[PDB]
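For reference, the chains in residue letters:
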Amino acid sequence: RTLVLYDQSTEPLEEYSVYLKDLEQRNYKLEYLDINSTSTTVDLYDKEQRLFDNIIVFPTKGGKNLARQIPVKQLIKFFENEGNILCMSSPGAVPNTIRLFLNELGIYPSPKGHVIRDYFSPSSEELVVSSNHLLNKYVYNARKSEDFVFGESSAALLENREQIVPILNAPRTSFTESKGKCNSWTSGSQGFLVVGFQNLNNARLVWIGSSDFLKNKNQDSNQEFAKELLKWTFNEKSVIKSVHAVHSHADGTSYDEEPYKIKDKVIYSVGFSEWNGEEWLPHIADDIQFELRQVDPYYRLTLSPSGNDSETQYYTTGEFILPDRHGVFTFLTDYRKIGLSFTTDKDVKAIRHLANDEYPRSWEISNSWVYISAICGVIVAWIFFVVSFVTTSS
Amino acid sequence: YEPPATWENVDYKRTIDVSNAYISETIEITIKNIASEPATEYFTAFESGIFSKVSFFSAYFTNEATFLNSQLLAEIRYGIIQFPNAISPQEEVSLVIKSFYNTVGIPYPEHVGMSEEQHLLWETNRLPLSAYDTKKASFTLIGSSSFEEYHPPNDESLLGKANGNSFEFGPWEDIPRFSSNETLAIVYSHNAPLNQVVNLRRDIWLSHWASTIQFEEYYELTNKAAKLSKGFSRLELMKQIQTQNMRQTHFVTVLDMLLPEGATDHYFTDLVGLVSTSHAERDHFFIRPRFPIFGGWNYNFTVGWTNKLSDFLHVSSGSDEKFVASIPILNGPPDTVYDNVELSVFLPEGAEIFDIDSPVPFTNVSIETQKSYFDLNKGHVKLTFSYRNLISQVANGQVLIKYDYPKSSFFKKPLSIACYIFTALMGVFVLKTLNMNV
Amino acid sequence: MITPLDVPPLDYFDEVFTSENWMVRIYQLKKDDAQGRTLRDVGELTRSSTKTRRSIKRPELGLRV
Amino acid sequence: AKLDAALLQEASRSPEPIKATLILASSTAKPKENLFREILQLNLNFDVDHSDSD
Ligand SMILES: *[C@@H]1O[C@H](CO)[C@@H](O[C@@H]2O[C@H](CO)[C@@H](O[C@@H]3O[C@H](CO)[C@@H](O)[C@H](O)[C@@H]3O)[C@H](O)[C@H]2NC(C)=O)[C@H](O)[C@H]1NC(C)=O
Ligand SMILES: *[C@@H]1O[C@H](CO)[C@@H](O[C@@H]2O[C@H](CO)[C@@H](O)[C@H](O)[C@H]2NC(C)=O)[C@H](O)[C@H]1NC(C)=O
Ligand SMILES: *[C@@H]1O[C@H](CO)[C@@H](O[C@@H]2O[C@H](CO)[C@@H](O)[C@H](O)[C@H]2NC(C)=O)[C@H](O)[C@H]1NC(C)=O
Ligand SMILES: *[C@@H]1O[C@H](CO)[C@@H](O)[C@H](O)[C@H]1NC(C)=O
């Protein structure tokens with residue numbers, strides 16, 4: 001289940017109590033833990049199995065206490081075992097452990113001195129970002145234009161990895177400044193205020209760079225976005241199961257009864273399903289592509305639905321002809337769309353040449369009638385040659 | 001089928017031993033009957049997961065032991081015990097149940113280095129699942145050195161009191177009926193190798209012309225010990241051999257095959273070829289596999305030897321041409337557990353089986369034929385037994401086959417080969433008296 | 001004669017078997033990392049770096065597509 | 001020529017002018033006079049390569 005790290009004298013837990021009690025409205029068995037009130041190290045593993053499903057880190061400074069509770073390598077080892085992480089930063093409080101751990105994930109937050117500044121007076125007392133800058137669906141999609149408060153914040157430079165899922169953008173006219181005479185950290189629209197990250201084991205992380213965002217004094221602007229952001233962070237909003245990835249002949253027989261062959265008619269069928277936290281619903285989607293593949297791909301065919309069930313929408317590919325190239329081909333569906341869950345289904349099959357019997361026959365072909373007629377003529381003339389040769393008298 | 005009544009447990013010990021890679025219990029009960037119709041039976045309750053993997057079930061009297069009729073049936077499932085000398089309805093009796101299992105537990109750190117101790121996790125009951133009411137019941141966990149509980153309860157009672165190489169506790173009074181109230185999990189050090197095979201087929205070959213019996217065994221053994229982290233490195237293994245003395249550790253380097261008394265022609269082969277690292281000393285056949293079998297690794301091999309037939313076969317008294325064979329049901333290493341055994345005995349070509357007796361309750365039996373060398377007619381009589389769950393140390397038994405083999409069918413082997421040679425040479429005569437000259 | 005300061009470490013493969021006289025070595029391609037970083041950076045992460053010394057710098061990574 | 005290796009592929013695949021916008025806003029200057037105006041539109045007629053950064 002969930003876990004809360006926090007501390008007093010920087011950001012108390014009382015001014016977050018609207019959201020955690022929302023997690024109490026679900027079946028999340030929360031388990032708090034307090035820096036500057038607890039000296040025991042978190043038994044995050046007893047021997048080899050994982051106690052907590054989730055972790056939530058409220059803003060703090062990471063001098064010695066945070067490295068006592070969770071170091072970087074223990075957090076890597078927690079995140080590879082489907083351990084969902086929600087982490088927060090601010091220019092008033094940059095932890096060092098979380099900054100290095102995010103640097104391992106290709107997310108580069110701004111350090112202690114650097115603060116983001118937006119002019120043009122959006123609110124002119126604190127920074128605030130409208131809902132135009134939400135880059136990705138499947139985490140939150142705004143039905144109408146609204147504002148999201150960000151009191152003092154810090155942006156992140158992002159590496160170009162596949163796994164990183166951007167969620168919100170800096171408002172394109174902002175920058176960073178420090179008290180020291182250092183260079184600017186990020187440009188206008190290249191900094192990202194909140195950043196998601198999805199593991200290859202389908203574990204998720206959300207770095208969210210403001211202490212004034214999730215507070216109890218802000219439900220008038222960022223109430224639904226934080227609730228569905230926390231729906232996305234823990235695997236509850238958008239995950240995908242792929243149930244039956246089966247291929248067979250076009251007339252219904254399987255690979256087991258008759259193995260495949262060059263220039264053959266097959267069918268392929270995979271079905272997807274998503275999960276809104278309560279029910280496995282059928283997954284409506286374009287963009288799903290079959291690949292028939294050697295070292296290089298021989299087929300990329302987009303999948304039409306052609307099917308339905310109570311908790312699964314299937315997808316077909318139509319009757320397609322196998323290549324005349326012999327070899328060991330793999331049947332691949334990598335559904336890899338950022339924002340929602342990665343799935344891979346592959347089945348490696350051998351596809352052989354034609355047998356010596358399974359050729360166009362000599363009487364079937366229009367060109368070989370001459371030679372069948374001439375071989376039959378030589379044979380019948382040979383039989384009359386031996387009977388005529390024996391029955392004559394020399 | 002639930003038992004009604006008429007047995008009440010005064011004393012109830014339960015001693016689990018965990019020391020040789022199969023769990024053995026020695027329950028000791030002292031029962032009292034109630035004033036009713038005097039009934040003569042008993043029901044021992046097992047869980048549905050333990051009843052699937054059980055290999056031996058026996059009962060004694062405690063005064064002086066003879067045996068009792070202990071029958072195992074075929075969702076708590078039972079096993080009946082039948083008493084001779086039907087008991088008066090108010091009298092104390094004494095009783096000993098022994099049982100031997102198949103499971104041993106899970107390695108609780110599943111990855112561990114080869115120079116490190118392993119610890120296993122076993123799950124069981126603490127309050128005894130008895131079909132009847134108990135008045136006093138003590139538990140005793142004998143076995144290896146270090147025992148530790150897993151998720152200890154908040155109650156100070158029902159907690160383990162450690163003794164010298166023992167772990168003694170238990171709910172001691174007034175347990176009403178079937179009690180699945182709490183499931184125990186205990187971790188313990190265990191330095192046996194945990195050899196277990198998955199499929200043993202062993203083929204023996206009776207032979208009246210050679211007067212010899214010929215054993216051939218195919219072992220498919222795994223090591224269910226803890227797997228090793230950071231992979232396998234020959235440097236750490238070879239330095240671990242060169243440091244000292246090869247104490248007791250996990251992996252398999254040598255196997256001690258305990259054969260019958262006079263065994264003559266020993267061989268030990270893999271699938272790919274033969275293996276030369278084997279040493280056949282008197283009564284003992286030592287074996288070194290090609291690679292040391294660490295935790296989770298597979299190894300399938302074949303051993304074989306040759307005994308004379310004069311000590312496994314015995315001519316009957318009423319007829320000269322009726323033979324009775326008693327075959328050792330199991331030969332192997334001293335610490336192994338057999339998940340499947342199929343014992344194929346092969347009688348000669350004209351033998352006809354009359355009677356079959358086995359001391360261990362088999363799963364299956366059938367009679368087929370199989371053609372070996374110079375089986376021109378139907379072939380050898382393959383009498384094959386299928387046993388499921390066996391222990392190397394426990395299942396001491398011999399299979400008794402009573403068949404006949406008359407001299408009318410004893411001399412049909414050279415007469416059949418003589419029939420092929422004769423019809424081949426008359427075939428030569430037809431192909432040399434025949435005129436083809438155009 | 002070779003020395004342990006030779007033979008640089010192997011960060012993409014790991015040995016699974018090596019025979020008794022060290023003839024036939026059997027290696028395995030260990031799977032690519034879950035967080036997407038290269039395996040030599042995992043190797044230089046898990047050892048030898050860097051004496052509890054740090055540096056904070058503009059990472060010079062270009063721009064995200 | 002010394003731009004990134006990510007924008008030239010995108011401007012070369014889709015024909016659209018890349019825009020240049022100059023910013024000279026400040027803090028002590030009051031709003032509705034801060035400069036947020038796109039001032040220039042470039043063009044490109046180059047040849048690209050494979051293995052994009054896609
Ligand atoms: C040597 O003997 C062992 C022990 O019997 C053989 O291992 C067994 O091999 C079969 C087929 O390789 C395994 O069946 C497999 O089951 C898994 C699911 O458990 C399934 O995914 C596979 O498609 C297949 O059906 C079986 O589990 C396995 N038994 C054990 C205990 O590992 C082995 O094949 C023998 N090797 C040789 C070379 O004869
Ligand atoms: C956070 O840590 C500081 C540092 O120890 C705590 O300050 C101490 O508070 C106790 C009483 O609560 C005093 O007796 C000490 O003299 C204080 N030490 C210093 C250096 O100020 C502070 O109380 C902690 N915060 C909380 C909420 O417990
Ligand atoms: C008991 O043994 C018999 C052997 O006679 C088994 O029957 C054979 O099962 C195989 C399946 O592998 C079939 O191919 C044969 O045709 C069967 N033969 C006969 C004569 O039925 C039987 O399956 C075994 N039963 C159990 C429960 O183990
Ligand atoms: C068809 O798919 C939709 C997907 O939302 C589902 O709600 C509906 O029940 C399905 N109908 C049938 C007949 O399967």
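Going by the header, the method for this PDB entry is cryo-EM, and the resolution given is 3.3 Å.

Student: How do you make sense of the site of ligand 3 when you look at a structure like this?
Tutor: Residue and element names in this part refer to chain B. Taken together, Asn364, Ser366 and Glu368 make up all the residues around ligand 3. Between ligand 3 and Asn364, the relevant distance is 2.4 Å, taken from an oxygen atom to a side-chain nitrogen or oxygen of the residue. A total of 590 Å² of accessible area belongs to ligand 3 in isolation, and the protein chains cover 19% of it.

Student: So what exactly am I meant to see when it comes to helix 1 (residues 17–25) of chain A here?
Tutor: Each α-helix winds once per 3.6 residues, and so residues spaced three or four apart point in a common direction. All names here are of chain A. Residues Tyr19, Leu20, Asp22 and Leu23 constitute the buried set of helix 1. All buried residues of helix 1 fall inside an arc of 145 degrees around its axis, so they share one side. The outward face of helix 1, more than 90 degrees from its buried face, is lined by the exposed residues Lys21 and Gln25.

Student: Would you explain the UniProt feature "transmembrane region" in chain A in this entry?
Tutor: Under the feature "transmembrane region", the UniProt entry names residues 370–390 of chain A. Taken end to end, residues 370–390 of chain A is 100% helix and 0% strand, and its first and last C-alpha atoms sit 30 Å apart.

Student: Mind showing me how you'd approach the environment of B:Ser145 here?
Tutor: Residue and element names in this part refer to chain B. Tracing the sequence through the fold places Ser145 in the loop between strand 11 (138–142) and strand 12 (147–149). A C-alpha to C-alpha distance of 42 Å links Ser145 and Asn307, two positions 162 residues apart in sequence. Once residues lying within four places of it in the same chain are set aside, the contact partners of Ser145 are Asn165 and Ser189.

Student: I'm lost on the interface of chain A and chain C in this one. Help?
Tutor: Many authors give the size of an interface as the accessible area that is lost as the parts come together. Across the contact, 26 residues belong to chain A and 16 residues belong to chain C. Carbon and sulfur atoms supply 56% of the area that chain A and chain C bury against each other, a total of about 1,900 Å² over both sides. For the pair chain A and chain C, the interface holds one salt bridge. Note that C:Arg37 and A:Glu104 form a salt bridge whose closest N and O atoms lie 3.0 Å from each other. Across the chain A-chain C interface, the total number found is seven residue pairs in polar contact. Counting residues per element, the ones that place at least two in the side of chain A that touches chain C are helix 3 (72–79), helix 4 (96–104), strand 9 (156–158) and strand 10 (164–166) of chain A. For the side of chain A that touches chain C, the class distribution of residues is 14 nonpolar, six polar and six charged.

Student: Could you clarify how one ought to interpret the pattern of salt bridges in this entry?
Tutor: Pairs can form between side chains of opposite charge once their charged atoms are near each other. All names here are of chain A. With the rule as written, the count across this model stands at 36 salt bridges over all chains. Between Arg1 and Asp53 there is a salt bridge, and its shortest N-O distance comes to 2.6 Å. One end of the pair, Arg1, is in the segment before strand 1 (4–7); the other, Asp53, is in the loop between strand 2 (32–35) and strand 3 (54–57), with 52 residues separating them in the sequence. Under the relative-accessibility criterion, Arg1 is labelled partly exposed at 39%.

Student: Is there a simple way to think about the packing of aromatic side chains in this case?
Tutor: The geometry of an aromatic ring pair comes down to the distance between the two centres and the angle between the two planes. Tallied over the full model, the rule gives 58 aromatic pairs over all chains. Taking the centre distance of 5.9 Å and the plane angle of 85 degrees together, the rings of A:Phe213 and A:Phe225 count as edge-to-face. Taken together, the residues span a long stretch of sequence, with A:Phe213 in the loop between strand 13 (204–208) and helix 5 (224–233) and A:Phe225 in helix 5 at a distance of 12 residues. Across the pair, exposure class does not vary: A:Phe213 and A:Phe225 are buried alike. A ring pair is formed by B:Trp209 and B:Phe410, whose centres lie 4.2 Å apart and whose planes are at 5 degrees; its orientation type is stacked. One end of the pair, B:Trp209, is in the loop between strand 18 (200–207) and strand 19 (212–223); the other, B:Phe410, is in helix 2 (residues 407–410), with 201 residues separating them in the sequence. Taking relative accessible area as the criterion, B:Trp209 reaches 46% and is therefore assigned partly exposed. Pairwise contacts between aromatic rings join B:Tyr219, B:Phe232, B:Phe251, B:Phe268, B:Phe291, B:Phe294, B:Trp297, B:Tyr299, B:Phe301, B:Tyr338 and C:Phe17 into one cluster. Above the plane of the ring of A:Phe342 lies A:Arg336, whose end atom (NZ or CZ) is 5.0 Å from the centre. Positioned above the aromatic ring of B:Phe354, the side-chain terminus of B:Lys322 is 5.2 Å from the ring centre.

Student: Explain the site of ligand 1 to me, please; I cannot follow it from the model alone.
Tutor: Residue and element names in this part refer to chain B. Neighbouring ligand 1 are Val198, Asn199, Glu220, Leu271, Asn298 and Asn300. Interatomic distance of 2.5 Å between a side-chain N/O atom of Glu220 and an oxygen atom of ligand 1. Taking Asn300, its side chain carries an N or O atom lying 2.4 Å from an oxygen atom of ligand 1. Summarising the interface, the protein chains cover 27% of the accessible area of ligand 1, which totals 750 Å² for the free molecule. Taken together, the residues of the shell around ligand 1 break down into two nonpolar, three polar and one charged.

What counts, and where the lines are drawn
Residues numbered from 1 in each chain as written, not as in the entry; some residues may be left out. Chains lettered and ligands numbered in written order. Part of a larger assembly, values for the part shown. Heavy atoms only, no water. Residues with missing side-chain atoms left out of burial classes, pairs and counts. Near = heavy atom within 4 Å. Polar contact = N/O pair within 3.5 Å; in protein donor to acceptor, adjacent residues only side chain to side chain. Areas by Shrake-Rupley, 256 points an atom, 1.4 Å probe, with all protein chains shown as cover. Buried < 20%, exposed > 50% of the residue type's maximum accessible area, 1.4 Å probe, protein only. Helix = DSSP H or I, 4+ residues; strand = E, 2+ residues; numbered from the N terminus. Arc of directions from axis to C-beta. UniProt positions renumbered as here; feature names shortened; annotations may be inferred. Contact = heavy atoms within 4.5 Å. Buried area = accessible area lost by both parts, 1.4 Å probe. Salt bridge = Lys/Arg side-chain N within 4 Å of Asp/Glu carboxyl O. Nonpolar A, V, L, I, M, F, W, Y, C, P; charged D, E, K, R; others polar. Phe/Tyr/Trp six-rings, centres within 6.5 Å; stacked < 30°, edge-to-face > 60°. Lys NZ or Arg CZ within 6 Å of the ring centre and 35° of its normal.

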